[PDB]
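The data below hold one chain only, encoded as structure tokens and taken in the form deposited in one PDB entry.
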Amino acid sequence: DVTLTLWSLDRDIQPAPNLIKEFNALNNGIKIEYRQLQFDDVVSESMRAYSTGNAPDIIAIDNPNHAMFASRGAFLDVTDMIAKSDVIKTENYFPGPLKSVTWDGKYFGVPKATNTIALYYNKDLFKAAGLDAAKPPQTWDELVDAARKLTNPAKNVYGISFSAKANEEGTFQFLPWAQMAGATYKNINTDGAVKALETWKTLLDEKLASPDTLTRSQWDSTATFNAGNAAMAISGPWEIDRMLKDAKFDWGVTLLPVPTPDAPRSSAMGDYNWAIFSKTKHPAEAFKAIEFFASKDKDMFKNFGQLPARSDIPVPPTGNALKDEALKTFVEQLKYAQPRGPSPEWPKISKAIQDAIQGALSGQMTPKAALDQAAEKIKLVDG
């Protein structure tokens, strides 16, 4: 057999290792050995590996990181193999995800999936508080008021759960709020972005969200929602299958509330891309593996609750009512997602945003000072 290696953050029950097990069973002359990364290690360490000669054949890389590797020659140019493919077609892909694998008019990967975040809510806790579970919050004011009503320390419940962690989690969580109020990562210190960061301060200052929001991932925050310890959760479709298993209450999911009535919806484009490292000894076999993964995209939602990065295969209902309502919401919010980048310096941009979030939420800097400092850094690095 040709033996390939593949690195991803996907947990044992998420797509990558399960796709690998199905692929290996084909006995097609190719085998894949999986290594699970940690979220926080996929990047500067996979760059270390590439630079030393320790890189795998294949990686699933977060979409905003793709340009760093592609621009540096770390990823294989798959343009010709895509053109020849009878399985992968570039016109199948949503334009944002496709753009994220491109550099200088060449393809340097194939999108794996796509997502964005939305607002989960526990309808039983809404009802118990005298709230209308059929009318979840539409604006930031309504969201904050609901979160106040739902915050009940005597019952071990926070009104809301989210993530402000000092890594890509916090940036991905924050950008939607800043964008809805008219800012972007290229202009992150507008009065609207300040208002977004003030609103986060309110959530923490009034103890409507756990203080662990500052250090806790989206996944670990949503676990608290699933357990009934937070009445609402801002997170992605990657939560659905676990929530179905673990949440023992009635729940819904809706679009992210907007800053003023009928202000624009907005969020950030999530999820990963497949890429082949440039010095692979097995480019054809690695690409065959990615063709196989792409061939399974049609089953991704039903089997894993994640969303393909493709317009050719709109996701059908599963038949589970909760899951199908979540699908409708995520499909609708995704229509408002904006890309982080393209930028080969995304991590530096993101770090500037992370530091502003931490500076303001900790009370060390005002929101305005914090975001002014981020914007100055971004102006330099995004040049």
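Rigid core (definition): largest C-alpha set, two forms, superposition within 1.5 Å. Counting begins at 1, following the sequence as shown.
J.: Mean Cα B factor from the PDB record: higher for 218-226, or higher for 256-264?
T.: The stretch with the larger average C-alpha B-factor is 256-264.
J.: Going by the mean C-alpha B-factor recorded in the entry, which is higher: 49-57 or 347-355?
T.: Comparing 49-57 with 347-355, the higher mean C-alpha B-factor belongs to 49-57.
J.: In this PDB entry, which of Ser161, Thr102, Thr151, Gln173 has the top CA B-factor?
T.: Answer, based on the entry's C-alpha B-factors: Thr102.
J.: Among the choices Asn92, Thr114, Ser210, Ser235, identify the one whose CA B-factor in the record is greatest.
T.: Checking the PDB record, the top C-alpha B-factor among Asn92, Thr114, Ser210, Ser235 is at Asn92.
J.: Could you look up the Cα B-factor of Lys323 in the entry and say which third of the chain it sits in: lowest, middle or highest?
T.: CA B-factor rank for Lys323: middle third.
J.: So where's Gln179 on the chain's Cα temperature factor ranking, which third?
T.: Lowest third - that is where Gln179 ends up once the chain's C-alpha B-factors are sorted.
J.: Looking at the C-alpha B-factor of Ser311, is it in the lowest, middle or highest third of its chain?
T.: Middle third.
J.: Where does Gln138 sit by CA temperature factor within its chain: lowest, middle or highest third?
T.: It falls in the middle third of the chain.
J.: Among the chain's modelled residues, which third holds the C-alpha B-factor of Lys123?
T.: Lowest third, going by the recorded CA B-factors of the chain.
Just so it is clear, the following notes concern the form deposited in another entry, a form of the same protein that is not shown.
J.: For the list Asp80, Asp132, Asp205, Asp191, which one shows a CA move of 2 Å or more between this form and the one not shown after the core is fit?
T.: The displaced C-alpha is that of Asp80.
J.: For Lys248, is the C-alpha shift between this form and the one not shown 2 Å or more after core superposition?
T.: Comparing the forms between this form and the one not shown, which are aligned on their rigid core, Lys248 does not shift its C-alpha by 2 Å or more.
J.: Compare the position of the CA of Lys335 between this form and the one not shown after a rigid core fit and state whether the shift reaches 2 Å.
T.: Comparing the forms between this form and the one not shown, which are aligned on their rigid core, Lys335 does not shift its C-alpha by 2 Å or more.
J.: Return yes or no for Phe301: a CA shift of at least 2 Å between this form and the one not shown, with the rigid core superposed?
T.: Indeed, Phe301 is displaced by 2 Å or more.
J.: So the CA-CA distance for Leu37 and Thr171 moves by at least 3 angstroms in the other form. Closer or farther than here?
T.: Pair moves farther apart in the other form.
J.: Just say closer or farther for the C-alpha distance from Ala275 to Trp219 in the other form, relative to the shown form; it changes by 3 Å or more.
T.: Relative to the displayed form, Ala275 and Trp219 move farther apart in the other form - a change of at least 3 Å between their C-alphas.
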